[PDB]
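Given next are the chains, with one letter for each unit.
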Amino acid sequence: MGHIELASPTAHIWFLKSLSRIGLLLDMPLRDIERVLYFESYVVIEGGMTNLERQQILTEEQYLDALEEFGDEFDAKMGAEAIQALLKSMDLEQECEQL
Amino acid sequence: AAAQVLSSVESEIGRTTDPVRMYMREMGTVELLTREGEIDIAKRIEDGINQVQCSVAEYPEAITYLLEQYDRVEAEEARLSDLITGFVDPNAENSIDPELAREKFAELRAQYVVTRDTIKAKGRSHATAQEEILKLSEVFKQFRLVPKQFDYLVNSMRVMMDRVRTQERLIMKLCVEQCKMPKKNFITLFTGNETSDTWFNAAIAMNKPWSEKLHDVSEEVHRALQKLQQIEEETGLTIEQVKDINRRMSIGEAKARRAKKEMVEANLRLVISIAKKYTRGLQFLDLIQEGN
Amino acid sequence: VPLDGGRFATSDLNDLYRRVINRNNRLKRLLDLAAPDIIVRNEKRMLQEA
Amino acid sequence: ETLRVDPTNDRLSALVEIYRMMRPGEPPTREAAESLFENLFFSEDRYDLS
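Residues and elements named next belong to chain B. Membership of the largest hydrophobic core comes to 19 residues, with the highest contact counts inside it found for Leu66, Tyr70, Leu108, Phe140 and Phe143. When residues of this core are traced back to their parent elements, those giving at least two are helix 4 (60-74), helix 5 (98-120) and helix 6 (127-141). Not counting residues within four places of it along the chain, the set of residues in contact with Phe140 comprises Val56, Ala62, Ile63 and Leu66.

In structure tokens, the structure reads:
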């Protein structure tokens, strides 16, 4: 078997459309996941300030205010790689001991 | 305010899975310019282009880089290699002829030497020495080269500034992080001498007990100095001028990229109109992407 | 596989592989060309859909 | 009783809703909704009863 090296990470469809397995893990609405996937809504990976919050839905116009306010302090980007970074950053042992 | 209606459309979409209409909705914000936008954008691109030309103007070795390769083929009794296309090719506001390539080079050799001794007179910042350097740049300015060899000329500056930036970072990598070197005085002391150890032992003159026991790491903090001064000697250019070179070339290239961006989206409707006559061999969107 | 009449036929999986590779290499070409983010989003959507 | 549920008040809002109905996602314009509704049941090329 061979492999295909992709430039931008892409999301599997089985653990995304079937029920969610990517939404239940992230505790995120399914529709918002699609909105972020289609490069329409940003997500806050990390909020250095208290104004923002992890896993926040963001529109482009509402995101310009964040750019003009803070910029480097927060971490919010676009695309499936944002979801990948969210999975990288999250910790499940803390959820085990907390929930 | 074309994005305000998007706040009402996207917030109330039916979550459509057709990418084509998402694509149109995303490029529908731009408008169609005419008779002023094209001219203004072209001017904003050409000023960036001549800013890049000024960026290659202040490098002392770029003018020698124009000539040493032609000297390789000048002594070959013939230059049949394609590098002869990357000649000066002066602008006039065609096969390269010896009556042009050598004639343009007749003054180049003279400017190669007349700007050397004058610089040593009354320091580097001498008035007539600097205007002679600017004239040596100007005889370089009257050229129109090809982007092939030119594509490496910009990287000849880019890699050099990347190297100096990495060397600057290396100081923080070695001592500032571990020893907590307050940057409040470091930035001022580095721009003072940056050639010898006046500020390095001035930091010993102050109390700074963290830097007092630097003898254990003396031979790894001053190797960055050795490399920086080696760069200064081999390049023949001071650190004062190279920062100005990189400061104003970056803004020029960013402005050119921004001008290209502000125009490309304005003409996507031509692409989307022309693509649809060609479907159906491949697809409905790959044609649009290739047209882009 | 070639047919007897000098023809060919292949599984649709080959078409899908060609389709994903065609836009994957295009996405590679859109990075060194410094594409505007508006079109890179479209290319990434193309890849995700493929 | 149906008027109590109808969220439109005039022609323009009704046509905007109909355009959003047939072609969701695409922003509606003044003339596109009219053209679409006319083509739905009042264009000889795209409609016939025999």
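Attention shifts here to a negative patch on the surface. Residues and elements named next belong to chain A. On the surface, a cluster of negative charge is contributed by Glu46, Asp72, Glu73 and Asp75. Inspection of the secondary structure assignment puts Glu46 in strand 1 (residues 42-46). For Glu46, a relative accessible area of 37% puts it in the partly exposed group.

Another aspect to go through is the environment of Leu30 of chain A. All names here are of chain A. With respect to the secondary-structure elements, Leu30 resides in helix 3 (residues 30-37). The class of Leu30 is partly exposed, set by a relative accessible area of 32%. Residues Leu30 and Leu92, 62 residues apart in the sequence, show an inter-C-alpha distance of 20 Å.

This part takes up the interface of chain C and chain B. How big an interface is tends to be stated in terms of accessible area lost as the parts join. Listed as interface residues are 14 residues of chain C and, on the opposing side, 13 residues of chain B. Carbon and sulfur atoms supply 51% of the area buried between chain C and chain B, which totals about 1300 Å² over both sides. On the chain C side of the contact with chain B, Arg26, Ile38 and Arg45 of chain C bury the most area, a combined 37% of that side's loss. Remark: the boundary between chain C and chain B carries 3 salt bridges. One salt bridge connects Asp286 of chain B with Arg23 of chain C, and the closest N-O pair in it is separated by 3.2 Å. Here chain C is connected to chain B by 5 residue pairs in polar contact. Ranked by residue count, the leading element in the side of chain C that touches chain B is helix 2 (residues 37-49) of chain C, at 7 residues. Among the residues forming the side of chain C that touches chain B, the class breakdown is 6 nonpolar, 1 polar and 7 charged.

Comparison of the 4 pairs of chains in contact shows the highest number of contacts for chains B and C. Taking C-alpha atoms as the reference, chain A and chain D come no closer than 12 Å and do not contact one another. Separated without contact, chain C and chain D have their nearest C-alpha atoms at a distance of 16 Å.

Definitions and cut-offs
- Residues numbered from 1 in each chain as written, not as in the entry; some residues may be left out.
- Chains lettered and ligands numbered in written order.
- Part of a larger assembly, values for the part shown.
- Heavy atoms only, no water.
- Residues with missing side-chain atoms left out of burial classes, pairs and counts.
- Core = buried A, V, L, I, M, F, W, Y, C linked by side-chain atoms within 4.5 Å.
- Buried < 20%, exposed > 50% of the residue type's maximum accessible area, 1.4 Å probe, protein only.
- Helix = DSSP H or I, 4+ residues; strand = E, 2+ residues; numbered from the N terminus.
- Contact = heavy atoms within 4.5 Å.
- Patch = residues over 30% accessible without salt bridge, like charges linked within 9 Å, V, L, I, M, F, W, Y side chains within 5 Å.
- Areas by Shrake-Rupley, 256 points an atom, 1.4 Å probe, with all protein chains shown as cover.
- Salt bridge = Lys/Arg side-chain N within 4 Å of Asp/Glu carboxyl O.
- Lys, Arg positive; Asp, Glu negative; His and termini not counted.
- Charge placed at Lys NZ, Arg CZ, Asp CG, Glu CD.
- Buried area = accessible area lost by both parts, 1.4 Å probe.
- Polar contact = N/O pair within 3.5 Å; in protein donor to acceptor, adjacent residues only side chain to side chain.
- Nonpolar A, V, L, I, M, F, W, Y, C, P; charged D, E, K, R; others polar.

Just geometry here; none of it tells us what the structure is for.
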